[PDB]
Amino acid sequence: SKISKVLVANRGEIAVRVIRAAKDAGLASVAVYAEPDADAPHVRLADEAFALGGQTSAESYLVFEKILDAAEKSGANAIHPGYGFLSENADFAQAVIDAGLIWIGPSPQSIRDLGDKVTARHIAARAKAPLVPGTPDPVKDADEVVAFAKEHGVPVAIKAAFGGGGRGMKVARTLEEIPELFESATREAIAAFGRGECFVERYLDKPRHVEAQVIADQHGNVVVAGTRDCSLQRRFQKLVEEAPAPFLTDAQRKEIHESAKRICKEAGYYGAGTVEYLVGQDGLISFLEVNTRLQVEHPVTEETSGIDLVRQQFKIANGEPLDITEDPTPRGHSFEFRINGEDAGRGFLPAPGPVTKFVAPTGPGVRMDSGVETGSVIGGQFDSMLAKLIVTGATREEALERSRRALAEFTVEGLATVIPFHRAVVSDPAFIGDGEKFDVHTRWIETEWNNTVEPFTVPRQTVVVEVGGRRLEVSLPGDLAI
Amino acid sequence: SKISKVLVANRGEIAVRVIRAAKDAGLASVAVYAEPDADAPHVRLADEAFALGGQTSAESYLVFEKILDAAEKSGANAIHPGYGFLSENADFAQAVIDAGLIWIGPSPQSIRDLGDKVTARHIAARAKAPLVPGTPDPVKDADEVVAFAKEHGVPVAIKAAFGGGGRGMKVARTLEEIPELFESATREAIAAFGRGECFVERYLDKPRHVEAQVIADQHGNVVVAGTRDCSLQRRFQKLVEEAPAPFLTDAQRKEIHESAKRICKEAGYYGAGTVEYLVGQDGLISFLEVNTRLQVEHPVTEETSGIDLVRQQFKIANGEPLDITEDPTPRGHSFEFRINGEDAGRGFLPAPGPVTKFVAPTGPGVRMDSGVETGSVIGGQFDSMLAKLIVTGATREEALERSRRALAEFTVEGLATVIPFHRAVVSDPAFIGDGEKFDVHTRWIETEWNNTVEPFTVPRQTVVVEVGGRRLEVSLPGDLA
């Protein structure tokens, strides 16, 4: 049956956006929640909502028992996964098919053929996308990777064929590191996931990442919506992203536009999703993944293309014929900033705390979406995200203009955040584009850029005074007298 | 010679919007406030702020000296008009030029020629812009009013030369009615403005308002940067904007732009502005304005076109040649709503009160010009709006569903607001056209809309200090012990 009542099979700030989309569509919108989320904006904005119980992802969202019980009791007829969680699961796409709900995602066989990251590389090689020189099958041992580095040069990097989530990868920068770090890559892979399929490629120093958003019909037709550069990151995890990237060269942007299509048609991908590339400073572009899931930073492709990305997943999963055929015209520049609850003065050590106040940027060219609101107590129970921040202008320096106010009107207190940090990287002569190069790279903060924030650790009176009519505010000790 | 510190003297939303523009541009920014505004969002956002004093706007914001004193005490090398108050009074353009401060606005001539809309009509006749023909000059007296109404045919519109905001104007259906409307118009005009200049022209039964933005350069570049439609109206005011202008063909858009180029060249125009039209439900263009304030309707053009329009105003006031020189193609569609302080459950009677709650919508496709904040206080002593809601999408359909949801989200409590009217009118079908025409016309809300709303149920101290005998008035709260 066509999409007619929607169940969100996810939490996190995406659950808010999905209730926005569903309550746009005016259908009964359903979400499931852990106890900390029972008060969340999305949980209370949903038309109906259901408890999973528990207080952690393994207690609640990931197990089948409670999502199955919700898929019974909600009476929904479309199942929408988001980023992370069960979105990656071809057996969940199958379970949605066996429940009979519209699967807002790619086909189960495309899901597994891309979930196998060795078949995903066979996909990329068969599509003949730009590729790093790298092995088509797992290499047996470390001193053979030393021989690999003697033949191919050094660094070399090993990736798992299965498993994910920031895990299952390691690198050698000199050949004498290889004897322990091939074993380290496999030891971590078996300890986390039990899978032994791990394979090697020649690696890149100061590496960069670019991702192409794709809309793709169940009947097999495709539109490419745009690309993000993602070089500003925390410990190789997202922080600040930009779209369009001014300094990719035209013929390589063509190559990025065509390789996405070739890889997607090889993988059979459909719905809406993202194709990803490992990118170098030396003008090397290489495929890295097709993400198999939606991404946080969809808006800077949406608003620079003029097309909504999430609602195509609806039309495509319903199987009705696609209404677009050709790549849209770009406009301007934009930045996105992921707000993290992390002690950025200590190297982003994750730390808890309440949002005791919240203030939202408004006016032109700056948009937000918020995963948290006042009273939310944050902690390590989930991936460390707090909010979107979106800034756009005719050029990078005009988004660097607007983001200063964005980070001055946006504030929360009672917890550590990236908000003091973002302003400096926004204002930095190395992060600003000269017109000719990037000079920002993944893990750029921890590997080069000079951080400046002191680490996080009776009431003042605060009173207005007017002097000559000039307004001032004065902070006065809690025992000021005589 | 160039902008370096900007003072914007207006109340609320536009003050925030252009202080935001300065904060973006990195300009130094100075606010001014009356007594109810001493802790307003604008005074707490600006980098500096100065009291004008006074309990209500009319006690203070009209005084040129009270502005220019704050300008020179702050060192605001630039002053912005915004909309309302002094934004379009040449007395202030003179005062700013004689004081030697940057007027962020069109020249004294360029305002003098357009503050009275009669002078815009007198240009328009020469520009061949589509008129509501009547006569370009006003007729002499009621003896001619009855003769012209009998000659041209009632209904006739009777209008004060300065009657803008939809309240200096009248319409009559029959040839016996018109002399009483012409007297009423003249004496109410004398009561509101002292001047008595009044004109008469044939009325239009189903016009629709449209306007187009124009940007013009000290180096002579000109750009027609976008279009907007203002058909949804209640108590004869603009309240919803739609952009780029919908339900207009290229055969309309052609003259809407090309008569704007001609009429702005005939005005010698430089700086930003708009040209405004009434289009019939049959699509037949006729005139209303060429407009020189930054129209409050700016958000939908700010989102559909690649311009921070006041940043472009900064560059134009800088005398820079325009770096926008192409008549653009506006994306998709967008809606915007004026979030008025009126009780839609009570005939839209005005409703003051404390803003004990304010929550305004966020996320993709929706924007806010919040000019008020939680715990503030509202009343008719100042401008009528709390804020504005703004919506955009790839086409009306998407922006319409986004509007219905956005207005179902937008929540204010402690006073009545027009937000539930917006929710209702965004549901009422006549606004949703067929693809070649649409059914909404003037008076449509107050004639066809389905109403559903239920009625809701220390002082400061001044001390004087002297520094070497130079006086310095200081003010503090009435207690600090």
# chains A, B, ... in the order shown; residues from 1 in each chain; ligands from 1
call {"tool": "interface_residues", "arguments": {"of": "chain B", "to": "chain A", "cutoff": "9 Å", "atoms": "only C-alpha atoms", "output": "VMD selection string"}}
result
chain B and resid 16 to 17 20 to 21 23 to 26 38 43 45 48 to 52 70 73 to 74 299 302 to 303 306 to 308 331 to 332 362 to 370 393 to 394 398 401 to 406 472 to 477 480 to 481
call {"tool": "select_by_dssp", "arguments": {"residues": "range 240-282 of chain B", "states": "helix (DSSP H, G or I)", "output": "PyMOL selection string"}}
result
chain B and resi 250-266
call {"tool": "closest_residue", "arguments": {"among": "A:439, A:413, A:217, A:91", "to": "residue 265 in chain A", "atoms": "only C-alpha atoms"}}
result
A:217
call {"tool": "closest_residue", "arguments": {"among": "B:87, B:281, B:259, B:55", "to": "residue 439 in chain B", "atoms": "only C-alpha atoms"}}
result
B:281
call {"tool": "select_by_dssp", "arguments": {"residues": "range 127-222 of chain B", "states": "strand (DSSP E)", "output": "list in words"}}
result
residues 156, 157, 158, 159, 160, 169, 170, 171, 172, 198, 199, 200, 201, 202, 209, 210, 211, 212, 213, 214, 215, 216 and 222 of chain B
call {"tool": "closest_residue", "arguments": {"among": "B:315, B:441, B:152, B:298", "to": "residue 282 in chain B", "atoms": "only C-alpha atoms"}}
result
B:441
call {"tool": "closest_residue", "arguments": {"among": "B:159, B:304, B:132, B:207", "to": "residue 184 in chain B", "atoms": "only C-alpha atoms"}}
result
B:159
call {"tool": "atom_distance", "arguments": {"atom1": "CA of residue 104 in chain A", "atom2": "CA of residue 76 in chain A"}}
result
13.1 Å
call {"tool": "residues_around", "arguments": {"residues": "residue 18 in chain A", "least_positions_apart": "6", "cutoff": "9 Å", "atoms": "only C-alpha atoms", "output": "ChimeraX atom specification"}}
result
/A:8,29,42,80,82,310
call {"tool": "write_last_selection", "arguments": {"atoms": "N, CA, C and O atoms", "output": "mmCIF file, in the first residue's frame"}}
result
data_model
loop_
_atom_site.group_PDB
_atom_site.id
_atom_site.type_symbol
_atom_site.label_atom_id
_atom_site.label_comp_id
_atom_site.auth_asym_id
_atom_site.auth_seq_id
_atom_site.Cartn_x
_atom_site.Cartn_y
_atom_site.Cartn_z
ATOM 1 N N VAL A 8 8.592 6.539 12.105
ATOM 2 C CA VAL A 8 10.015 6.835 12.208
ATOM 3 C C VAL A 8 10.678 5.736 13.018
ATOM 4 O O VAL A 8 10.363 5.554 14.199
ATOM 5 N N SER A 29 1.704 10.652 11.994
ATOM 6 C CA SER A 29 3.143 10.535 12.113
ATOM 7 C C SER A 29 3.455 9.918 13.465
ATOM 8 O O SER A 29 2.940 10.379 14.491
ATOM 9 N N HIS A 42 10.398 16.084 19.093
ATOM 10 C CA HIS A 42 9.760 15.186 18.141
ATOM 11 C C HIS A 42 8.762 14.255 18.819
ATOM 12 O O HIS A 42 7.662 14.043 18.303
ATOM 13 N N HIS A 80 10.350 4.540 7.844
ATOM 14 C CA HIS A 80 11.410 5.450 7.418
ATOM 15 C C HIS A 80 12.586 5.312 8.374
ATOM 16 O O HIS A 80 12.448 5.614 9.579
ATOM 17 N N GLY A 82 16.606 6.493 9.243
ATOM 18 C CA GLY A 82 17.368 7.708 9.026
ATOM 19 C C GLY A 82 18.858 7.459 8.954
ATOM 20 O O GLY A 82 19.286 6.401 8.493
ATOM 21 N N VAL A 310 14.607 14.931 1.121
ATOM 22 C CA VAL A 310 13.981 13.859 1.897
ATOM 23 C C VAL A 310 12.686 13.348 1.254
ATOM 24 O O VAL A 310 12.432 12.138 1.225
#
call {"tool": "closest_residue", "arguments": {"among": "A:234, A:173, A:298, A:202", "to": "residue 343 in chain A", "atoms": "only C-alpha atoms"}}
result
A:234
call {"tool": "atom_distance", "arguments": {"atom1": "CA of residue 75 in chain A", "atom2": "CA of residue 271 in chain A"}}
result
23.2 Å
